[PDB]
Amino acid sequence: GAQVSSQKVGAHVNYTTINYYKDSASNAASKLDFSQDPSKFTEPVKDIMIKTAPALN
Amino acid sequence: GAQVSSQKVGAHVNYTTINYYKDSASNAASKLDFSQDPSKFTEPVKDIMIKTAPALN
Amino acid sequence: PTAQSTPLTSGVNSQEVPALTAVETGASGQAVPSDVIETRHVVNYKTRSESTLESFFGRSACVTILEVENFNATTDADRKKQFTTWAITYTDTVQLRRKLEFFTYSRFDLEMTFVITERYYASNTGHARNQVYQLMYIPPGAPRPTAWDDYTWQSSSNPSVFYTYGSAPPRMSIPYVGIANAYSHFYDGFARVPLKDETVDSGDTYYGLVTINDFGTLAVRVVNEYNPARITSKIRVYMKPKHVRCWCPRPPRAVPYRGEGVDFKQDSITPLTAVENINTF
Amino acid sequence: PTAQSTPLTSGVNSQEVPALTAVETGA
Amino acid sequence: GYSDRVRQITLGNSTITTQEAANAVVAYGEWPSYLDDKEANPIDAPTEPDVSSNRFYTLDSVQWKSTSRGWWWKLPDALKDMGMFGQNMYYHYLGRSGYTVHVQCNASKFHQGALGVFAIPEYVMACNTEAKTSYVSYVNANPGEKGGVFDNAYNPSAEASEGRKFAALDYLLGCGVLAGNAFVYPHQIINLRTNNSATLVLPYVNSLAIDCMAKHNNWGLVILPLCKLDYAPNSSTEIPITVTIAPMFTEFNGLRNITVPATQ
Amino acid sequence: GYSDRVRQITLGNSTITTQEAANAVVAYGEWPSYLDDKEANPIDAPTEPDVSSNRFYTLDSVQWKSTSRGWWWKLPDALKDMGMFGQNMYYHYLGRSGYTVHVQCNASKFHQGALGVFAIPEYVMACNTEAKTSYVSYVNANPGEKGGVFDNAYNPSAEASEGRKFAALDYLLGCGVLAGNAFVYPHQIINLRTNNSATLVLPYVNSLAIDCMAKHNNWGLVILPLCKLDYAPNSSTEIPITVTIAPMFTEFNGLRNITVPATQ
Amino acid sequence: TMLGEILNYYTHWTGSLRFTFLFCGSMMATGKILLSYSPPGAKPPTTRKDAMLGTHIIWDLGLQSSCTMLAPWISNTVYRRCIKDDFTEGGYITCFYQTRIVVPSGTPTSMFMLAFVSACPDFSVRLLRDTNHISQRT
Ligand SMILES: [Ca+2]
Ligand SMILES: [Ca+2]
Ligand SMILES: [Ca+2]
Ligand SMILES: [Ca+2]
Ligand SMILES: [Ca+2]
Ligand SMILES: [Cl-]
Ligand SMILES: [Cl-]
Ligand SMILES: [Cl-]
Ligand SMILES: [Cl-]
Ligand SMILES: [Cl-]
Ligand SMILES: [Cl-]
Ligand SMILES: [Cl-]
Ligand SMILES: [Cl-]
Ligand SMILES: [Cl-]
């Protein structure tokens with residue numbers, strides 16, 4: 001049950017993972033998660049604000 | 001995700017590599033790269049010089 | 001891929017003159033034996049495998065020797081012996097440095113290996129339990145320890161390796177960490193432009209790579225508290241460049257180094273031994 | 001997934017005013 | 001008709017002719033070019049001054065004597081006071097440039113001598129005090145179009161403050177390597193019996209796409225007499241060496257007020 | 001949402017906002033542009049400095065008082081010492097430019113006053129001696145970013161040598177025409193109850209494709225108080241007028257050494 | 001600042017910085033303000049005529065309360081260091097009256113603005129490190 005994934009690139013490229021333990025808590029670090037939604041903190045406004053339009057009309 | 005490659009010959013021949021780490025920086029030495037272009041140092045001239053022709057015509 | 005085979009060739013009597021050239025052009029001589037002698041066919045099975053950059057650099061080289069001790073320290077000087085800090089560089093030693101400096105620019109990952117050795121300072125002060133070492137990489141900006149047991153060693157974010165004396169030499173890989181697209185082995189410049197009529201001092205400023213390079217600090221301690229027996233330790237630091245690219249070849253260092261720059265020493269600038277005569281075999 | 005690329009842009013002379021806003025909004 | 005000895009180079013409003021060339025060098029086989037979007041770094045629309053700056057600038061001539069040990073310049077330092085190139089360089093934080101370097105030295109069929117002309121990336125040179133290391137003033141490192149000269153003697157200063165200049169020792173190339181190995185750098189030779197000029201076309205060379213021209217010289221230009229000037233009727237004769245350099249594919253980022261470097 | 005009162009202008013690394021504009025003028029309905037091959041004159045490849053020079057430069061502010069008679073500038077004279085625009089202007093024999101002119105003057109809902117803001121092609125003004133005609137010194141004609149002021153009195157000099165400046169008489173627009181007719185020129189009004197800014201976009205205007213910027217001003221900028229500044233709590237109050245101008249579609253020909261005009 | 005605190009867990013930063021200004025005078029106050037970013041290597045600007053040669057915005061005070069000035073990413077290196085460092089110096093941010101603030105009578109003649117900083121979407125950090133902003137006695 002080997003997982004083959006892309007490595008993080010270096011100076012110049014897959015790697016293999018097998019889980020040895022019956023508990024997911026035993027696993028190595030979670031895979032890179034590039035998810036983001038800054039707007040929930042930077043723009044949590046009820047009515048859409050279009051950058052080019054006046055903020056207050 | 002095993003890589004099978006030719007060994008460097010000895011006195012008298014594949015070997016197996018598995019990458020264990022998620023970072024390419026962790027990997028063993030790069031495979032032999034026989035690339036070369038000595039002319040960028042030995043002959044970096046604008047106009048082609050044919051060995052059998054005069055260098056200066 | 002092999003070095004060049006020699007073709008079967010006989011003589012010539014020709015307006016083709018491969019023996020003559022003009023090196024004023026900036027071209028090196030190009031002629032090969034088949035251009036100027038009768039040659040047999042020789043199949044060349046030999047390769048340039050061991051002169052690839054990976055092969056040339058594919059060795060762990062000692063780059064420094066650090067010292068740390070473990071004993072009951074009662075003075076400021078003795079407290080400072082309980083840990084050590086080292087600005088990470090390849091310029092404390094000459095051998096790897098000279099090989100790197102065949103090139104202007106490089107890009108590589110780094111394998112770092114450590115060899116840790118101890119001796120008893122004295123025989124009349126009993127014994128010492130097996131020691132654990134902490135080697136902490138302190139990137140530029142992270143707080144540097146002022147004591148062997150201060151808060152910095154908790155190392156929440158800095159990488160540390162804990163090494164147990166007598167175990168296999170510890171080892172880790174470092175990516176290419178340069179803030180440029182390659183490492184510079186040479187930098188013909190300054191860290192800032194001194195401006196007309198500024199009050200900033202221009203009398204004690206430096207030049208070149210030393211003004212811009214910062215690979216952080218290695219901090220080392222013995223984690224153990226003191227035994228009655230004082231133990232003195234050496235930590236040898238080894239670097240192997242791997243996954244290597246290099247650009248812009250240079251003449252190699254011909255005379256002794258005298259520091260981190262290209263400076264030379266007045267009593268050591270005569271590398272050639274004079275021959276008795278221009279006609280000496 | 002990468003941080004944002006910068007597009008090729010020239011100047012403007014426009015009723016579109018992205019430089020002004022109102023941070024009273026909580027944005 | 002066409003000859004390796006006869007060449008015309010036109011950049012902007014400037015043209016060079018030579019009738020005794022020896023081909024031309026393109027350093028590392030790479031012509032200069034503009035910075036591609038896939039290798040770019042600063043995000044502001046760059047200034048590309050083109051013909052205003054990408055043109056031949058002729059430096060003050062130097063005199064080749066039987067006793068000359070050689071000459072050095074740094075680039076872009078040598079051109080920092082040259083027309084619109086200098087203005088674009090100092091009005092911007094960042095700049096990149098290639099160059100056409102044309103070194104000129106004519107004599108007669110009765111003169112002899114050979115100049116090595118070397119383009120050296122990151123031409124770092126030794127300081128002239130053993131009380132310090134890497135101890136060179138900005139002013140001494142950046143002489144501009146006058147450049148500097150090599151010496152055949154190393155006499156480091158008693159006081160650190162008096163030695164903040166290059167120890168430009170000829171046979172160690174001013175940097176602790178043997179001058180005989182300088183041929184690993186892009187080069188031509190002006191051998192007076194063969195040729196009266198050297199032409200080197202240099203791409204931008206750095207570990208970065210673009211850099212601070214006022215802080216950092218990308219290239220050294222070294223002219224070493226490999227064989228001394230000799231002329232039988234007058235051993236004390238002098239012949240000029242003239243250096244003419246055109247920036248190429250210049251690109252500047254980070255416009256602000258003008259940089260005025262310290263002069264003392 | 002979008003409003004005639006709210007505008008953003010970005011040129012190069014510079015942005016202007018206004019929340020109390022009154023539309024914007026495009027002089028003669030024509031946006032500036034580069035010089036087409038079918039209208040070109042000098043044949044050298046031009047310098048087009050783009051973002052280095054085509055950006056907002058803010059002049060020294062002037063103070064509007066109840067007694068102010070008005071202000072004038074000439075273009076490109078007002079920008080001759082402005083960053084890379086000034087350098088490109090003086091390193092070249094020839095230049096052409098359009099402009100975005102942004103005049104800034106805010107007050108309160110309790111202040112009153114109106115400024116006429118006029119862009120005048122070939123703004124030729126009267127001299128201040130009746131011993132001569134057309135008798136103005138280069139230095140007095142070309143004050144740079146400080147510009148000049150109008151007067152409500154004409155006092156020509158006794159001696160010809162003392163009158164080599166403009167007779168900037170407000171009601172004759174400094175040139176023998178009635179100021180009330182200045183509205184035939186591209187203009188806006190800053191009426192403090194309505195707006196706090198004027199925006200004029202100017203194409204290059206001349207009888208030639210390109211001309212000597214150091215010899216010839218293409219545009220005058222005139223700011224006349226049509227209705228005097230009044231503020232009931234303090235009749236002696238002053239409010240700033242700030243002029244910010246961006247060159248646009250700049251193109252230069254005839255590169256040489258830098259022009260350094262006389263200062264006396 | 002929040003951005004400063006995050007940067008002090010990293011060695012390297014890259015990208016554009018956003019400076020947003022909120023004018024907090026009365027509605028009756030008018031004005032024009034010049035906000036400038038001068039990339040490094042020249043005399044630090046102390047006058048409007050030097051500041052306006054750099055990257056700048058003229059902010060007209062009005063119904064839209066806030067103005068954003070960008071320090072666009074303009075650097076020799078691909079990353080700057082999260083320390084005081086001549087080699088990776090970032091340049092100079094300054095602010096001048098373009099006209100002046102004008103108020104009518106019965107209005108405060110002194111007032112404030114608030115300055116905010118944030119990273120743009122082109123912004124990233126690397127090389128995790130300990131901060132110098134927290135410590136404890138041992
Ligand atoms: Ca072969
Ligand atoms: Ca030949
Ligand atoms: Ca043969
Ligand atoms: Ca992207
Ligand atoms: Ca908006
Ligand atoms: Cl601890
Ligand atoms: Cl312990
Ligand atoms: Cl011998
Ligand atoms: Cl001369
Ligand atoms: Cl100079
Ligand atoms: Cl100075
Ligand atoms: Cl002012
Ligand atoms: Cl001026
Ligand atoms: Cl004068």
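Every chain is numbered from 1, with letters handed out A, B, ... down the list of sequences.
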Hey, can you tell me if E:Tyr154 and C:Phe264 have their rings parallel, tilted or perpendicular (30° and 60° cut-offs)?
-> perpendicular
Are side-chain heavy atoms of C:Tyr176 and C:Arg245 found at a separation under 4.5 Å?
-> no
Check ion pair E:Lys74-C:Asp188 (N to O, under 4.0 angstrom) | yes
How close do E:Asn253 and E:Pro42 get, heavy atom to heavy atom, and via which atoms?
-> CG-CG, 3.6 Å
Mind telling me whether E:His187 and E:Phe118 have parallel, tilted or perpendicular rings, with 30° and 60° as the class edges?
-> tilted
Name each donor-acceptor pair under 3.5 Å that joins a side chain in residues 141-150 of chain E to protein atoms two or more places apart or in another chain, with its distance.
unit_1, atom_1, unit_2, atom_2, d
E:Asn142, OD1, E:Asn217, ND2, 2.9
E:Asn142, ND2, E:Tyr138, O, 3.3
E:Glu145, OE1, E:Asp60, N, 2.9
E:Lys146, NZ, E:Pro143, O, 3.0

Heavy atoms, side chains only, cut-off 4.5 Å: are C:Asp109 and C:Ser173 in contact?
-> no
B:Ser30 and C:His243: side-chain hydrogen bond (donor to acceptor under 3.5 Å, both in side chains), yes or no, with the steps?
-> CA-CA 5 Å; B:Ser30 299; C:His243 319 138; 4.7 Å; no
Can you tell me how far CG of G:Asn76 sits from CD1 of E:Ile210, rounded to the nearest 0.5 angstrom?
-> 9.5 Å
Hey, what do you get for OG1 (C:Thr93) to OH (C:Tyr238), rounding to the nearest 0.5 Å?
-> 10.5 Å
Rounded to the nearest 0.5 Å, what's the gap from CD on G:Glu89 to OH on E:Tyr93? Could you check?
-> 7.0 Å
Might you work through the side-chain hydrogen bond (donor to acceptor under 3.5 Å, both in side chains) test for C:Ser184 and E:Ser207, ending with a clear yes or no?
-> CA-CA 6 Å; C:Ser184 291; E:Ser207 54; 2.9 Å; yes
For C:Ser268 and C:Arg258, run side chain to side chain contact (heavy atoms under 4.5 Å, CB included): C-alpha distance rounded to whole Å, both residues' side-chain angles, the deciding distance at 0.1 Å, then the answer.
-> CA-CA 10 Å; C:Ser268 313; C:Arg258 74 168 170 90; over 6 Å; no
Relative to C:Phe56, does C:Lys99 satisfy both conditions: NZ or CZ under 6.0 angstrom from the six-membered ring centre, and within 45 degrees of the ring's axis?
-> yes
From the options C:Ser106, C:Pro241, C:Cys246, select the one residue that forms a side-chain contact (heavy atoms from CB on, under 4.5 Å) with C:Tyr183.
-> C:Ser106
Between C:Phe57 and C:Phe108, does the ring centroid distance fall short of 6.0 Å?
-> no
Flag the pair C:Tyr207 / E:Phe166 as yes when their ring centroid distance falls below 6.0 Å, and as no otherwise.
-> yes
Which class fits the ring pair G:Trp13 and G:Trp73: parallel under 30°, tilted 30 to 60°, perpendicular over 60°?
-> perpendicular
How many angstroms lie between CD in E:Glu39 and CG in E:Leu208, if you round to the nearest 0.5 Å?
-> 12.0 Å
Aromatic centroids of C:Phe186 and E:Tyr123 separated by under 6.0 Å | no
